[PDB]
Structure formats: C-alpha cells, structure tokens
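Chains as they are written, first to last, in PDB author numbering: chain I, 29 to 414; chain J, 11 to 252; chain B, 11 to 252; chain K, 16 to 197, 224 to 252. Positions of the beta carbon are idealized from the N, C-alpha and C atoms, including for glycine. Data block below; observations after.
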Amino acid sequence: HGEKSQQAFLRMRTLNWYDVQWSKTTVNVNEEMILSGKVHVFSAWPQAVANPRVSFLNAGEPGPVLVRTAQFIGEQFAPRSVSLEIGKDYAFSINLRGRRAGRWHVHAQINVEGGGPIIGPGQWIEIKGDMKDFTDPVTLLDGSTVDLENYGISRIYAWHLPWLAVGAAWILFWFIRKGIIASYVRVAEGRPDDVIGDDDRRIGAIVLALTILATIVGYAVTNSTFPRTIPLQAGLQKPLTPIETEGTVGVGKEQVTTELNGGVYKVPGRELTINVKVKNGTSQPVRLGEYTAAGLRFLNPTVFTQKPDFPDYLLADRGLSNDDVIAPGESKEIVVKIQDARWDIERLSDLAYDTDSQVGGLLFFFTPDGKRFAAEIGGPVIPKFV
Amino acid sequence: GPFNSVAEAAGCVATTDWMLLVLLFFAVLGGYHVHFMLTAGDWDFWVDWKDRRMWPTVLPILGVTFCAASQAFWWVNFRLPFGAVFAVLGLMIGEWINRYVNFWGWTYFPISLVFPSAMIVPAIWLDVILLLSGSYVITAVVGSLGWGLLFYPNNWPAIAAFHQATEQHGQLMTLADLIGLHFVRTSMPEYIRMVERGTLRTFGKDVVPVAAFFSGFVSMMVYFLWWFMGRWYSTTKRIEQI
Amino acid sequence: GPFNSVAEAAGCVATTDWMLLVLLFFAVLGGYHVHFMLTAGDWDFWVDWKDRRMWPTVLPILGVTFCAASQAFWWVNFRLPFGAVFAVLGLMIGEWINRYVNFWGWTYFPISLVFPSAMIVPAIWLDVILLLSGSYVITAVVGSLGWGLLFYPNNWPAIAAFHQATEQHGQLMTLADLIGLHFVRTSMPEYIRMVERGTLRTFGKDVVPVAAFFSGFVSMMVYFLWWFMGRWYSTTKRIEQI
Amino acid sequence: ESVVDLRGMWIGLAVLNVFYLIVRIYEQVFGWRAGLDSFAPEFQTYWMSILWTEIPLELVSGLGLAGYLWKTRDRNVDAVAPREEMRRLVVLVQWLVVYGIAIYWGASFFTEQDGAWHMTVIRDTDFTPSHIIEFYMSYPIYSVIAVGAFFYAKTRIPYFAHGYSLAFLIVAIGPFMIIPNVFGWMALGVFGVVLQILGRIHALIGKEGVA
Ligand SMILES: [Cu+2]
Ligand SMILES: [Zn+2]
Ligand SMILES: [Zn+2]
C-alpha cells in the first residue's frame, strides 16, 4: 500500500518488476510461502535517486504479519545490502512464515540507499490460526535451538526491571529522608549541610560500591553463560549474478529493441499512446504481448488470449495492439495504445504533476511458440489536457 | 502560618511535595525523551543497531545531557542527590512503556528486537560522585568518565544472548542480526544502520574499550555545557515586555 | 528650544524626520541586499530557479532576517508598525532597479528571466501581526508562520505565465525552462540549479504546501534570533578603549 | 477554607487519562483495517474525521480557555490574603501536574509510538493515524493546558501578574517550536517555574523553625 502516492516517473524508471508470484495466497500460522519474481533495473536511472549500488530486498507488509525466514537476490542469500547494476536483471525470492491471522497485502520491495522505498506488486495473503501458536525456531552454532519469538526476553526484563526498581528506591529514599520544600528552604536560608553530610555520603559511598559490584557480578556471570560471542555482521555483499537466460534485456544473440519516438497521455486520465521503433534482432516473427510499468501489467488480448494469475489491481487486459508479426531482422515503427482505468487508479496519470514528464518500463514480445523476448521502453511523453 | 494549625501546615507540605515530584518527573521525561528519541534514535530502538562502536559512543554522550541539567536543578537548589537517576529512570520508563505497549502491543515487534539501552547504573555513578564531592567540576570530569566507561558493561547482561552465533545459509549472523531479518520492518534496510563495519586503522581487539573511553571523555564537555543549561532553565527572571 | 521660535522648531523636526527616513531606508537596503544576494541568490536572480521546493523554502527564511531586525528597531523605539515593509520594499527597489537598469539595460537579459521574488504581501502580514499584538513573541510565532505560508501564493500571479507547457523537440519544458535555455547565460549550466528534481519519499501532490509550512516554522527561529540582532545593532553603548 | 483541595486535579487527570486510553484502544482497533491505506474511503470515515474535527475543537478550546481566565481574572490581585495566595498557588501546582501528564502522553507516548508506525507503513500521506494523534491532537492538548497554566498564574498570583516569568514563557511558547523531519533548546523551564513557586511558598511564613 501507499506506492500509489509516489511520483509516477520515479516508479516507472527505477525498477521494472516482472514474473512476481506468491506461491500460496493462504497460510496457517507457522506455514511458509515464497514470494518471488524478477526485476530489471532501468538504464536511464533518474538523478533524483542515488545509485542502486547500495540496496535492500524486502517484503512490503504491515509489520511482521509474516516472519521472513530467508531471502535471495542476485543468486545470493541477502540478509545484508546488495548492489544492483544499472540496466541488468535480477531474480529474487523471499520465504515468509505465517504469524498474525488476518488478510494482508504483501509486496516485493527494494529500497535504494539515498533513494527511498521502491514498491513491487503485492497480493492479499490470508493467514489463519492463532498467533499464540507461532514458533520459529532457529539453530545456534553450539547445536541448540531457540524460539526467536520469545528468546532472550525474560533475561532482558530480569536485568531491566530490578535496576528500574533500584532506580526508584534511590529517588524515594532521598525524597522521604528530608524532602523537597524542607530542602529548598534549608539551602535558600543558611547553608545546606543540614541537608547533606556524612552519613548521607556514607550511604552513597555504600550504594555505589554495591552498584559496581552488582555490575561486575552480572558481567562475569553473563560471560559464563554465553562465553563465545560474535559482533553484529554487517556490510554490503559481493556483486550479484544477473539473469543470463535467455531472454531477457540485452542478453545473447537474439534481442528485441525498442526506441520510443514520442507519446501522448490524456490529462485526465486513462490513456497513453506511444510510437515504438522496434528492431527484431531475433530469428522469429514476434508480436507485442505486454507493457509493464510500476508493477502494472497492460496485456494484449490478442497474445494473452486468456489470462494470467495476477493481483486485481494491477492486471489490465488492454494494452492493444495492431497484429502483425514483426518479421525476423525487420525494423518497424508501431503505434501502441495503453488504455485502462488502472493507469488512472495507480496514479501513473499524475505524471503531469512531475518534474520529468517521461515514461519507462518493459515491453514483452512473443514468438508463435512460447518464447518471450524483452525490451526496455522509456522516454519523453507529452500530456494532452482534457 | 497562612495555615489554620500545624497539622494543616504539615499536610500541605507533604502533598505539595508529592505533586512537585510527579510534575517534575513527567516534565523531564518529556523533554529528555523527545530529545533522545530524535538523536540517540535509532540505536536505542533496535537490537541490531547495538554494535561495539557507534551505540556505546552516541548514547552515553546524548544521554548525559538531561542528567547534567537535572543534577543542576536538583543539587544547586535542594542538595538532593538524584538528578541523574531522576532523569534516566524517566527515560527508561517512557521508553519501556512504549516498547511494550506499542512497538510490541500495537505492531507486534518482539521485545528482544526493541528493548532500550541500560542506563540506571551510570546514572547512579553520576549522582553519587556529585554527592561525595559537592562539586560539579569534579563530577563533570571523573563522574561523567565513569558514566562513559560503565555504559557497555551495564548492558552486556541484556545484550550478550543476542551475540551468540548462528549459521544461516552458509553465512554467520548474530541472533540480533537474525531478529532483525526475521521480524520485518518496512523501512529498516541493513545499510541505513550505522554500526561498526571494520577499518584498516583498528589494531586489536580494542573496539569497545576505546569507544567507552571516547564516550567518557566527550561526555565531560557535554556535561559541562548542560549543567549550565540546567542553570539557565532554572532562571527565576521576570521580563516586563513581550 | 535651542530654537529661535516655534516655526524653527517645527521646521527642524519635519526635515530631520525626512533625512532620517531616507538615510535609514538606504542604510537597511544596503545591508539587506548584500546579505540576501549572497544567500538567497540565485533563486531570486533567475526565473528557471523558482521551483516548488527550494525557492519557497530558502527565500522566506533568508528574507525574514532583516524584516525582524527592522521591526526590532522601528517598534521597540518608536512604535512605528512598518519595520518589515520598510526592509522588504527596500530590497524590492534595490533589486528591481538592478534587474531593469543592469541585468536588462546592460546585459540584455529579458525581464521575464530576471524578475525578483514577490515579498510585500508577507511583509505586511508580518508588520500588522506586530501592530495588533505589541508582542514580538506572538509575531515570531504566528506572524512569521503567515510570512512563510503567504510567500508562494503572492508570487503565483507573476510566476504562473511561465509554468505553461511547451513541447520542444519531443520533450516537455516550461516557458521558464525555455527562457533559461534561450537567453544564454555563460555560467548557468542546468545542474548548478538546486530546484526540485523528485524523490521516492514524496507522497502527493503536496510539494508546495509542505514547503510553505516548512518555511513558516523555520522562519520563527530565524525571526527570534534576528529580532535580538536588531536589538544589539540598536545599541547606544560607548566603549572608552580601542 | 482548605488551602489544599485537589478535586479539580483528579477531574482533569481522570478525564485526560481515560480519554487517551480510548484513543489508544481506538488506534489498536482502527489502526488495522482502516489506517493502513490512506487512499481507501475507510481512512476518511475513521481517521480524517478525527483530524478535520480536532484542529478547530482544540483551537476553540485554547482561545476559549485563555479568554475565560482573563475575563475572570483577579482585578484586585495585589490585595490577596497570604492564605488565599497559598491556595491559588496550590492550584497552580495542580495545573502543572495535569500539564506534566499532558507532556508525558504528548511527547513520550505518542511521539515514540510514531517510531513503530514508521516501520509498519510506507506512508500514503503526511497524515498517518500516528501523526493525526501525535502532531494534531496529543501536542496541541498539552500546548493548550500549558497556556492555561500560564494564564492562570498571570491572572491569579501577584508575581506572575506584572512580569511574564521568563521560564513560564519558555514553557508556554516552547511547544510552538516543536518540528520534526522531513542538541539543545527545549522546554524544561518548569525548573524556573517551580523555583518561583518555592520562592513564594518560602516567603509565606516567617516562623519557619517548624521545618
Ligand atoms: Cu499493498
Ligand atoms: Zn510461543
Ligand atoms: Zn498590579
């Protein structure tokens, strides 16, 4: 949720989400599902957003309704931050584990360092059962298993509460053994000294000497339990592996290419019309299947005869069209008509408000058999008012 | 007095004494908590921000501020030796109530992820150094050095369990890191952190000891400044014009 | 008096009055202008710097400085309710004379490229908030909040013509961008600018409103400080040694 | 006569503390399935309804309370008997206790509560349920209460009348300088305020060997 309020051009020209899927939409407390998909980092990465050199994968979700059990991107377990390279594609997946009952919108999400959150597509997940039943658990190196949901917590209170109590007793003691007004008056009149003097200092010298003892003891005791400890493990991870299959923007002998040649989007607010100069570097006649923008899919009903498993919200069955197998080696300019309410609803139409009136995203081209060949589209587009 | 008896005199003194303690306690709690929350953050909020270098540095230094101001008020005007602990406990209570009732109670983050920094112990050191030598100058030095040094050890018993090692898909992690990854925060990417990440200029083995000594020495300055702040906030001046 | 009549007394008072008004106007103009020019720049100089975020932020904040000091002088010592407008008008005049006589008259940049920020309106709010409540404290708060808020809307009428859209070689531009590209400056590469360029942390639609509020709240502090500066610049102290 | 009453305080305390408790229960319930998506119509009915309502209510309550304490001010304040001053300034200390509580809820509870909410949403808007309560309710409330405390002191106690307590000033005005994003100048001048009260309690007895 909320991504609807981020600026269109930024959503469009940073991450181009695709093949995002959610494994299970329904799970009991303790049951896993994987959220997975792919991401193409847009080659004209905007100046407003720091370099995705320093980034983090995530499950957009309202607090820990599902617990993340591991995640991967690049081809790499990623508990720490990663580097995405401009203009390249990455597979990612998250394993999540049911914790609080309800119904929840769980997106793919990537945050870029001087950047902000970029929010990938999301799906409603029903989690049923009782949060009381939730467990991890998790294996230490010394062979034991802990339940992270509860682990360490009473040991915190066992240390925190007593001191908060010794805290109060020090205050009450002094307040009551010769008080506030009585003390204000003494100081303001003659000297204090009727307020403080050994044995008042003796008490303090004592209390201190106990305090440092209790501190030492608690320290040496906790080194006896827990004698081998590591510092937090932090730092960027080795460069990731991009998707080399197969494919797949700017990879292998067989490509599609798409130059944008100006475009028009009505304000307000449901249509975007674009001239695409396509080059078919493949050896097979290809039809345009799909435009994807900011999570959003605009499908060609001619190609997607019917009709994928994908969120509401989101899935638009009109990114028509013109049917004419672009021929192998051919080089043609086609007029594409993105129409659907979802453009307005996910506020891509608010592009007219931005400091950079310019689309980005991917186009998917299909052979007569299976193969999907991908091209980056992006560039200046002009608004046409009312 | 302006009192009908001695009984009315004593009954008034004891109950204005309560009201004043309670109003002062929650007044300072507010000031201290907002200030601290906005600065020491961040490192107090989150278990996997409590490293060997940053945390035991930023915390004692930002935390000594209101202890010094509170000592300035309580010692100068009443000779009551609980300014530090007064302020510190306030912070603790304000923090704990929130972590429990909200971080956990509202948002379901486990308390192992959101427990606050332990400060009562150094706060005590601070208070009794002032008591033993009714000098803010000796306190600003030896008092607040102890404030620094003491920080890490007094946290170690709450902290150490999370610094046990796990292996997760081939890669070492502390439990802290793991509680971090597990209990998903929407805006806490591992890189926004600001924890120790290594340097070529570290020799030892000495990470925590130097951070302790650093925080001791820097707190002295902050303590000197904030003592006087306490004095200026104690002002009984009237001004005539607005 | 030391006057030969009442006519000579009246004639003196009226003409020393003029001289003081004219010397004070041009004295404040000088200071204000140099300061403003060196800081608020830059945004004031160029139409393609007048964005939704930076300009309506830096300008009210840096601009309130001399208004507060001028109010500090005029209100404290005379109860004259024009300290802000006095300062602000001076700035406008110093600016406009220059844009017309020099930016245009010398270097032939069209006025649509070099016109100054509109400030009389917020200056008025500032002056009458002080007049209605002879309080600098109320003014520092509500007065200078209205100073901030009012900045953009009072500029809009002068600015909006240039926020009409044009298509140039397949790319959207404002007329302001165009006037910047067309009338070539030697040292104004699009990138030295410091205008809004977008962020992932913007939600709405709300860019100008939050800039307006931000400027109001920050100006309070600056107003407070600069009032007292006006006080200190008002000093009638003699010193004995140099 | 009784110099110490306290009824007013307990009334203010119960009415304030139950109120916030209702607000916390309200956010526990409508925090989820109302407050996660600010584009939804539920946000209008459950969250913006509070915001659009509370601002005017707090503004009217603020001006209305000041205006009242002023109209009902003691026009004959220099004439106040030692006993009645002692009573009036126990009432001040009452006001300040309510304000202590007000400051706890506003600056501790609801401010750090925002901390955990920032880790829950990605924010559709400036007006999250957290902010609506924290910035637009919780803070104005103790601001109002603070102005009341100040105004009561200015209109009932000779000392706080003719003067402006610099410390009390910082207390009443300081709030209007709280701003977040996107060290030390804070409100804590209650220190001065209570010292001035103690200055004044001290003077209302010459035969003080009894303490
Ligand atoms: Cu969502
Ligand atoms: Zn359990
Ligand atoms: Zn009088």
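1. Scan the segment 148-206 of chain J and note each continuous beta strand (DSSP E) run of 3 residues or more that stays entirely inside, going in chain order.
2. Among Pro90(I), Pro149(I), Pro107(I), whose alpha-carbon lies nearest the alpha-carbon of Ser64(I)?
3. To the nearest whole angstrom, what separates the beta carbons of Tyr42(B) and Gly100(B), a pair I think is in contact under 8 angstroms?
4. Are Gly240(B) and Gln81(B) touching if we call contact CB-CB under 8 angstroms?
5. Look at the alpha carbon of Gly46(K) and the alpha carbon of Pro144(K), and state the distance between them as a whole number of angstroms.
6. Do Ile103(J) and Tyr179(K) come within 8 angstroms of each other at the CB atom, strictly closer than that value?
7. How should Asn14(J) be labelled, buried or exposed, when 16 other C-beta atoms within 10 angstroms of its C-beta is the threshold for buried?
8. Run the proximity test for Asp158(I): is its beta-carbon closer than 7 angstroms to any non-hydrogen atom belonging to ligand 2?
9. By the 10 Å Cβ neighbour count, where 16 or more other Cβ atoms means buried, how is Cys22(B) classified, buried or exposed?
10. Compute the distance between the beta-carbons of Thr269(I) and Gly102(I), then report whether it is under 8 angstroms.
11. So, are the CB atoms of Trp132(I) and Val93(I) less than 8 angstroms apart?
12. Any beta-carbon of chain K closer than 8 angstroms to the one on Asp61(B)?
13. Does the distance from the CB of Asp58(B) to the CB of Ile148(B) come in under 8 angstroms?
14. Report the residues of the segment 159-184 of chain B with a CB closer than 8 angstroms to any CB of chain I, ordered along the chain.
15. Rounding to the nearest angstrom, what Cα-Cα distance links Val186(K) and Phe35(B) in this structure?
16. Is any beta-carbon of chain I found at less than 8 angstroms from that of residue 206(K)?
17. Taking the Cβ atom as the reference point for each residue, do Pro356(I) and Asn308(I) lie within a distance shorter than 8 angstroms?
18. Would residue 253(B) count as contacting chain I if we go by Cβ distances under 8 angstroms?
19. Since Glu250(J) meets chain K, which of its residues come closer than 9 angstroms, beta carbon to beta carbon?
20. Can you name the residues of chain K whose CB is closer than 8 angstroms to the CB of residue 475(I)?
21. Contact defined as beta carbons within less than 8 angstroms: I believe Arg241(K) pairs with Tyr174(K). What is the distance between those atoms, to the nearest angstrom?
22. Using the three-state DSSP reduction, which class does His45(B) fall into: helix, strand or coil?
23. Show which residues of chain B have a CB atom less than 9 angstroms away from the CB atom of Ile146(I).
24. Among residues of its own chain, excluding the 5 on either side of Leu155(J), which ones have a beta-carbon nearer than 6 angstroms to its beta-carbon?
25. Could you check the C-alpha separation between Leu142(B) and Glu18(J) for me, to the nearest Å?
26. What residues are listed by DSSP as bridge partners for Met61(I)?
27. For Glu16(K), count the other beta carbons within 10 Å of its own beta carbon; 16 or more makes it buried, fewer makes it exposed. Which is it?
28. Contact between the segment 61-76 of chain J and the segment 215-225 of chain J: three or more CB pairs below 8 angstroms?
29. Taking the alpha carbon of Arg89(B) as the reference point, which residue from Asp137(B), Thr75(B), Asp61(B) has its own alpha carbon closest?
30. Where do the N-terminal and C-terminal ends of the beta strand (DSSP E) with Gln49(I) fall, by residue?
31. So, is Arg39(I) buried or exposed, given that buried needs 16 or more other C-beta atoms within 10 angstroms?
32. Locate the beta strand (DSSP E) running through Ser359(I), then write down its first and last residues.
33. Please tell me whether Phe227(B) has its Cβ less than 8 angstroms away from any Cβ of chain K.
34. Starting from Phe88(B), follow the alpha helix (DSSP H) in both directions and report where the run begins and ends.
35. Alpha carbon to alpha carbon, how far is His177(K) from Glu250(J)? Give it in angstroms, no decimals.
36. My guess is that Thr212(B) and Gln34(I) are in contact by the Cβ rule of under 8 angstroms, so how many angstroms apart are they, rounded?
Straight from the coordinates:
1. Within the segment 148-206 of chain J, the complete beta strand (DSSP E) runs of at least 3 residues are 175-178, 181-184.
2. If you number the first sequence from 1, residue 64(I) lands on position 36. Answer by Cα proximity: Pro149(I).
3. Reading the third sequence from its first residue, position 32 is the one you call residue 42(B). Reading the third sequence from its first residue, position 90 is the one you call residue 100(B). About 6 angstroms separates the two Cβ atoms, so the contact holds.
4. For the purposes of this step, residue 240(B) is taken as residue 230 along the third sequence, with counting starting at 1. For the purposes of this step, residue 81(B) is taken as residue 71 along the third sequence, with counting starting at 1. Their beta carbons are under 8 angstroms apart, which means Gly240(B) touches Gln81(B) by this criterion.
5. Residue numbering aside, residue 46(K) sits at position 31 when the fourth sequence is read from its first letter. Residue numbering aside, residue 144(K) sits at position 129 when the fourth sequence is read from its first letter. The straight-line gap from Cα to Cα measures roughly 7 angstroms.
6. As a first step, residue 179(K) is located in the fourth sequence; it is residue number 164 there, counting from the start. As a first step, residue 103(J) is located in the second sequence; it is residue number 93 there, counting from the start. Against a cut-off of 8 angstroms, the Cβ pair of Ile103(J) and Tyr179(K) comes out as no contact.
7. For the purposes of this step, residue 14(J) is taken as the residue at position 4 of the second sequence. Exposed, since its Cβ has fewer than 16 Cβ neighbours within 10 Å.
8. Stepping through the first sequence from its first residue, residue 158(I) is reached at position 130. Because no heavy atom of ligand 2 lies under 7 angstroms away, the Cβ of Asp158(I) does not count as near it: no.
9. Stepping through the third sequence from its first residue, residue 22(B) is reached at position 12. So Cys22(B) counts as exposed.
10. To locate residue 269(I), count along the first sequence from 1; it is residue 241. To locate residue 102(I), count along the first sequence from 1; it is residue 74. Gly102(I) sits close to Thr269(I), with the two beta carbons spaced by under 8 angstroms.
11. Taking the first sequence and counting its residues from 1, the one referred to as residue 132(I) is at position 104. Taking the first sequence and counting its residues from 1, the one referred to as residue 93(I) is at position 65. Cβ distance < 8 angstroms, so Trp132(I) and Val93(I) count as in contact.
12. Numbered from its first residue, the third sequence carries residue 61(B) at position 51. Taking 8 angstroms as the threshold, the shortest C-beta distance from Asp61(B) to chain K does not fall below it.
13. Here residue 58(B) refers to the residue found at position 48 when the third sequence is read from its first residue. Here residue 148(B) refers to the residue found at position 138 when the third sequence is read from its first residue. For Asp58(B) and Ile148(B), no; Cβs fall outside 8 angstroms.
14. Taking 8 angstroms as the cut-off between beta carbons, the residues of the segment 159-184 of chain B near chain I are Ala175, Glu177, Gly180, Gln181, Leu182, in sequence order.
15. On the fourth sequence, position 171 is the one that residue 186(K) refers to. On the third sequence, position 25 is the one that residue 35(B) refers to. So the two alpha carbons sit approximately 37 angstroms from each other.
16. Absent from the coordinates is residue 206(K), which sits in the stretch where chain K moves from 197 straight to 224.
17. The residue labelled residue 356(I) in the question sits at position 328 within the first sequence. The residue labelled residue 308(I) in the question sits at position 280 within the first sequence. Yes, the Cβ-Cβ distance between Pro356(I) and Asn308(I) is below 8 angstroms.
18. Residue 253(B) falls outside the range modelled here, since chain B spans only 11 to 252, and no answer is possible.
19. The residue you call residue 250(J) lines up with position 240 of the second sequence. Within chain K, the residues whose beta carbon sits less than 9 angstroms from that of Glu250(J) are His177, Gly178, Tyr179, listed in sequence order.
20. In the structure as shown, chain I begins at 29 and stops at 414. Residue 475(I) is therefore absent and cannot be evaluated.
21. Here residue 241(K) is taken as the residue at index 200 of the fourth sequence, counted from 1. Here residue 174(K) is taken as the residue at index 159 of the fourth sequence, counted from 1. So it is a contact: roughly 6 angstroms between Cβ atoms.
22. Working through the third sequence from its first residue, we reach residue 45(B) at position 35. Here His45(B) carries a helix assignment [DSSP, helix/strand/coil].
23. By one-based count along the first sequence, residue 146(I) stands at place 118. Ordered by position in chain B, the residues that pass the 9 angstroms Cβ test against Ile146(I) are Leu210.
24. Here the question's residue 155(J) lines up with position 145 in the second sequence. The residues are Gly226.
25. As a working mapping, residue 142(B) is identified with position 132 in the third sequence. As a working mapping, residue 18(J) is identified with position 8 in the second sequence. Roughly 47 angstroms separates the two Cα atoms.
26. Sequence index remark: in the first sequence, residue 61(I) carries index 33 (1-based). According to DSSP, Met61(I) bridges with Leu124(I).
27. As a working mapping, residue 16(K) is identified with position 1 in the fourth sequence. Exposed, since its Cβ has fewer than 16 Cβ neighbours within 10 Å.
28. As far as the Cβ criterion goes, the segment 61-76 of chain J touches the segment 215-225 of chain J, which means the pair count is three or higher.
29. Locating residue 89(B) in the third sequence gives position 79, where the first residue counts as 1. Out of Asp137(B), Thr75(B), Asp61(B), the CA that lies nearest to the CA of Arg89(B) is found in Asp137(B).
30. Position 21 of the first sequence, counted from the start, is the residue given in the question as residue 49(I). That run of the beta strand (DSSP E) goes 43-49.
31. Within the first sequence, numbered from 1, the residue matching residue 39(I) stands at position 11. That one is buried.
32. As a working mapping, residue 359(I) is identified with position 331 in the first sequence. Where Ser359(I) is concerned, the enclosing beta strand (DSSP E) stretches over 359-367.
33. As a working note, residue 227(B) is residue 217 in the third sequence. With 8 angstroms as the cut-off, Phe227(B) counts as an interface residue toward chain K.
34. The residue you call residue 88(B) lines up with position 78 of the third sequence. Per DSSP, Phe88(B) belongs to the alpha helix (DSSP H) from 65-88.
35. Position 240 of the second sequence holds residue 250(J). Position 162 of the fourth sequence holds residue 177(K). About 7 angstroms.
36. The sequence position of residue 212(B) within the third sequence is 202, counting from 1. The sequence position of residue 34(I) within the first sequence is 6, counting from 1. Rounded, the Cβ-Cβ distance is 7 angstroms, consistent with contact.
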